[PDB]
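To keep things clear, I will list the structure first and then write my remarks on it.
Where a number appears in this text, it was derived from the coordinates with a stated rule and is not lab data. As a convention, Cβ positions derive from the backbone with ideal geometry for all residues, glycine included, and neighbour counts pool all protein chains shown.
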Amino acid sequence: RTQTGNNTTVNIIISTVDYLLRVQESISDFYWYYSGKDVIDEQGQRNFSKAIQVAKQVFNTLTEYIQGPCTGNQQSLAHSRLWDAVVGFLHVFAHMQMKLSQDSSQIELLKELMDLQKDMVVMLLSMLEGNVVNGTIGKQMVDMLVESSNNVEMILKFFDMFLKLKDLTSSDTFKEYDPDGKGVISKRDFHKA
Amino acid sequence: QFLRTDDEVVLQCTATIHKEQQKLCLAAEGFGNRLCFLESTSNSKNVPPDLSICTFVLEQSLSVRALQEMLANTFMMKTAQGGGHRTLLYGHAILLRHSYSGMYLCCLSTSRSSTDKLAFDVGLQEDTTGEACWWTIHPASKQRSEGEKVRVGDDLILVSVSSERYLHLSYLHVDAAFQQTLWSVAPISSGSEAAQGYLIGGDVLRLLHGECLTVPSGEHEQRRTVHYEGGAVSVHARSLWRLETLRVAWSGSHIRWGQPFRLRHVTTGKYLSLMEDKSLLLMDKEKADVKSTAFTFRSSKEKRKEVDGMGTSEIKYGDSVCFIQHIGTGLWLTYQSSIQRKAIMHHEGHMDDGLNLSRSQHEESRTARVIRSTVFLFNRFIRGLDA
Amino acid sequence: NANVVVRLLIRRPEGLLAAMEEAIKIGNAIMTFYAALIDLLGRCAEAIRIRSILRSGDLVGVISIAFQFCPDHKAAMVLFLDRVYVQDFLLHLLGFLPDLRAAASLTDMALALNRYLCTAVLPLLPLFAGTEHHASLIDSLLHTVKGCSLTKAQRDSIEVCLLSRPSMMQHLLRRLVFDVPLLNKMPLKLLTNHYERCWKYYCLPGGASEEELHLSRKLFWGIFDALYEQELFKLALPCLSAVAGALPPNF
């Protein structure tokens, strides 16, 4: 955070916050490029997965930056400018998930971005603890999550419709509805039940 | 602290005309002029400029790729697209709207200047369709970044998206050249702004007795007398009053007590010029000094300075009574005595100063400034054909 | 690269056009410099949104170099006007009048003459000036009657003749008949083989000078009694005789 002993201070955490911000902005740019064509090409796959690995590594740093709950680092990064990139990644998540789900071959990159979401909320949960009761950090958490709150609809629809997917596909009129008891169910009859 | 949707601001230059900071702001005319022009605020003490023909509303804020996606859909604007209120970052593309007209800022294809070739001019079209009404924002400071928040008070650069030209300060004109020009953004009225039934600076409104404060009708003097009148003169046009403070920034804040009040009468365009040597009178724009006409309001008859925000919702409309104190004289508006009841600025006033205050509506002002726009056009017409 | 360069040049170009047309008397490097500028800017075809900025009133330079050291400048202007930007406004510029004038004047001229052959391929995309243009084209083809580039010139000439009105085309066909019957040299032979196809196109719609056309057909049959390129010209001369049938149905 500071290097007390040296003359000129260097706050290396704010620099890599800015680096994540630039990474996020260019990931958003990649999204706007593929936002129209929507059949994602293998070169864009192979490039963008590597970019997701980059983002995963830097979120792993940001976890282990504040994984020890040292409060000066909390006060620094909570004040810091990363919160735009939070909202931007959430936008990226919600708007990628749709076409990643709708396409067969894109499940690998869906696994990648899924994993990035996992590390995203790991980092958020890590920095989301140091609260007496409310905290100005807690204020800012809730406020910018509410500022995010359009795409949250999409990710919760995504989660519940892949969740009670798994729940209802053992229910009353599925498991016997196939003749084999195996899942050779016709998809229109699947829609119907 | 920053800028979002509906944060209505101004765009003002500080030209160095003869090595003096000519703080001229951009005047959007409309309703008789598709162009734009400038408006000085240097002699704001004595030649008070208008605010209402100068402001713009931050309508929308999107990235380049999102805008080109909107262009790819050749309404509903993708349901916002964006926020929320979409807090401004540099490199966003924006829509601006002259709030009085309903026009939108566009680049021209014409050559209505010098010209000084292929570098276009400034227009105010109707509809945001096409590319002409979109504006990239760039920091005019390498110290500050693109992608971070647009601060209060940033001299920056605005470039088109259709013509992709630098919005330049010509000579005194404004054009889409290839050369840059700083542009100041001051939070006038923002945001949101603020709640209804509240006295907001920079607002056209009436002036009720409890009966109004009237001007003489058509064919009068140049209408310079000031009287009371009862009845439906509220519904009549000439009972309208626009407030101005001495504040340029945060001029569209709330109206709190004891602050300056530059009473521009609407339908004349004139000012409520207290010449307390004689009485409460009416004079033009170039007359209007501070100590000539700027007033302060007290809650009582007996008798702050500055906040850099909206301020408190100080005075309502219904259960609210103000009392008019001039700064330089301390007078108080009472009357004297076919209701042509002459109102005077007096050291004491009666109990008959219990003014009630009512606002106006949008279409009322949309008629009102159009009225004298028409008048000052056809006075030129009359004088030219009399010549 | 077009987009990047054009944006950086709108940033600093550094009136230039009007006073650029001055120093022909006077130093040639600035003239060729602005020629290089317009040649560079002519190398670019959304992109339409900056094609507007390409489009952002150079016809002063176009007309000023359309007829007036020289041959690089008008070629650069031709490239610019062709790439950035009907047919009668296009033929308003009649540029090639001085070229077809000084064509037969037998080395900067020798540069410009085989230079502006490929220029004349770019206008391949009913009054008297069209007839004078066809006459000047026949005169420059007579200056061609280099040679491999003159083959492209003759293909452009045949295409411009087949573009059309037909009365001005017949006024030019008067000159074609009065010239080609003498050489029946190989360039005029292929030119008459093309004019036979033009008369075959205008035969059924066009059915004084028809008697001259019949006399030219009989003269071509008589010159065909003298027996290559003349073999193909005589093969198309059957189309000339059929066009005489269906149409009537160096100086």
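With a cut-off of at least 3 residues that are out of contact with any helix residue (DSSP H, G or I) (no Cβ under 9 Å at 6 or more places or on another chain) and more than 25 Å from residue B:252 (Cα to Cα), name the strands (runs of 3 or more DSSP E) lying wholly within region B:286-387.
B:332-335, B:343-346
Could you grab me the full set of residues in region B:250-271 that are outside any loop (DSSP other than H, G, I, E, B) and basic (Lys, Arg)?
So the first thing to find is which residues in region B:250-271 are outside any loop (DSSP other than H, G, I, E, B), and the list is B:254, B:261-262, B:264-265, B:271.
The answer is B:262, B:264.
Could you check region B:169-249 for strands (runs of 3 or more DSSP E) lying wholly inside it with 2 or more residues that are aromatic (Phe, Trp, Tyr) and touching a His at 6+ places or on another chain (Cβ under 9 Å)?
Hits in region B:169-249: none.
Kindly check whether there is at least one residue in region C:70-89 that is part of a loop (DSSP other than H, G, I, E, B), of a type outside the set (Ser, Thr, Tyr) and surrounded by 11 or more Cβ atoms within 10 Å (Cβ to Cβ).
There is at least one residue in region C:70-89 that is part of a loop (DSSP other than H, G, I, E, B), of a type outside the set (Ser, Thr, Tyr) and surrounded by 11 or more Cβ atoms within 10 Å (Cβ to Cβ).
For residue B:90, which of the numbered conditions (1) facing chain A (nearest Cβ under 10 Å); (2) crowded, with 16+ Cβ neighbours inside 10 Å fails to hold?
All conditions pass for residue B:90, except number (1).
Among A:100, A:109, A:116, which is the only one that is in contact with a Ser or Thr (Cβ under 7 Å, 6 or more places away or on another chain), crowded, with 16+ Cβ neighbours inside 10 Å and not aromatic (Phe, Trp, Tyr)?
A:109
Taking region C:6-34, which residues are part of a helix (DSSP H, G or I) and either within 14 Å of chain B (Cβ to nearest Cβ) or in contact with a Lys or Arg (Cβ under 7 Å, 6 or more places away or on another chain) (or both)?
Those that are part of a helix (DSSP H, G or I) and either within 14 Å of chain B (Cβ to nearest Cβ) or in contact with a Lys or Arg (Cβ under 7 Å, 6 or more places away or on another chain) (or both): C:6, C:7, C:8, C:9, C:10, C:11, C:16, C:17, C:18, C:19, C:20.
Out of all the residues in region B:211-257, which are in contact with a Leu (Cβ under 8 Å, 6 or more places away or on another chain) and within 18 Å of residue B:359 (Cβ to Cβ)?
Passing the criteria: B:213, B:234, B:239, B:240, B:241, B:242, B:243, B:244, B:251, B:252, B:254, B:255.
Let me spell it out: the conditions are (1) in a helix (DSSP H, G or I); (2) within 14 Å of another protein chain (Cβ to nearest Cβ); (3) surrounded by 12 or more Cβ atoms within 10 Å (Cβ to Cβ), and residue A:63 meets all of them except one. Which number is the exception?
All conditions are met except number (2).
Conditions tested, residue by residue: (1) assigned to a strand (DSSP E or B); (2) touching a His at 6+ places or on another chain (Cβ under 7 Å); (3) within 14 Å of chain A (Cβ to nearest Cβ); (4) among the aromatic types (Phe, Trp, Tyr).
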site	(1), (2), (3), (4)
B:25	yes, no, no, no
B:48	no, no, no, no
B:51	no, no, no, no
B:69	no, no, yes, no
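What are the residue pairs meeting all of these: first residue in region C:59-83, first residue more than 18 Å from residue B:118 (Cβ to Cβ), second residue small (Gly, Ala, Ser), Cβ atoms under 6 Å, and 6 or more apart or on different chains?
Listed pairs, sorted by first residue: C:66/C:95; C:71/C:112; C:72/C:35; C:73/C:35; C:76/C:35; C:79/C:42.
Being more than 9 Å from chain A (Cβ to nearest Cβ) and either under 23 Å from residue A:21 (Cβ atoms) or small (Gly, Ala, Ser) (or both) is the filter here; which residues of region B:71-81 pass it?
Matches in region B:71-81: B:81 only.
Restricting to region B:102-128, what's the tally of residues that are at the interface with another protein chain (Cβ under 10 Å from one of its Cβ atoms) and either among the polar types (S, T, N, Q) or part of a loop (DSSP other than H, G, I, E, B) (or both)?
Qualifying residue count for the region: 6.
Could you grab the pairs with beta carbons closer than 9 Å, sequence gap of 6+ or different chains, first residue in region A:146-174 and more than 17 Å from residue A:118 (Cβ to Cβ) and within 14 Å of chain B (Cβ to nearest Cβ), second one of a type in the set (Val, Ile, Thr) and exposed (fewer than 10 other Cβ atoms within 10 Å of the Cβ)?
Short answer, once both residue conditions are applied: A:150/B:79.
Listed residues B:97, B:65; which is charged (D, E, K, R), at negative phi and away from chain A (no Cβ under 14 Å)? Before you say what the answer is, go through the steps one by one.
Working: B:65 fails: away from chain A (no Cβ under 14 Å).
Of B:97, B:65, the one residue that is charged (D, E, K, R), at negative phi and away from chain A (no Cβ under 14 Å) is B:97.
Consider region A:13-41. How many of its residues are farther than 21 Å from residue A:95 by Cβ and exposed (fewer than 12 other Cβ atoms within 10 Å of the Cβ)?
1
Does residue C:67 satisfy the criteria of being of a type in the set (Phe, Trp, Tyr) and surrounded by 13 or more Cβ atoms within 10 Å (Cβ to Cβ)?
So residue C:67 passes the test.
Could you please give the count of residues in region B:125-140 that are closer than 17 Å to residue B:57 by Cα and either among the aromatic types (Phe, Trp, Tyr) or exposed (fewer than 14 other Cβ atoms within 10 Å of the Cβ) (or both)?
4
So, of the residues in region C:42-55 that are within 12 Å of another protein chain (Cβ to nearest Cβ) and closer than 20 Å to residue C:74 by Cα, which turns out to be surrounded by the fewest Cβ atoms within 10 Å (Cβ to Cβ)?
C:55
Restricting attention to region C:56-69, and to residues there that are of a type outside the set (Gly, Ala, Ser), under 24 Å from residue C:121 (Cβ atoms) and assigned to a helix (DSSP H, G or I), which single residue is nearest to the other protein chains (Cβ to nearest Cβ)?
The selected residue is C:59.
Only one residue in C:46, C:21 is in contact with a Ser or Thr (Cβ under 7 Å, 6 or more places away or on another chain) and more than 18 Å from residue B:178 (Cβ to Cβ), so which one is that?
The unique qualifying residue is C:21.
State which residue is nearest to the other protein chains (Cβ to nearest Cβ) when the search covers only region A:10-50 and only residues that are over 17 Å from the mean Cα position of the chain (by Cα) and charged (D, E, K, R).
A:18
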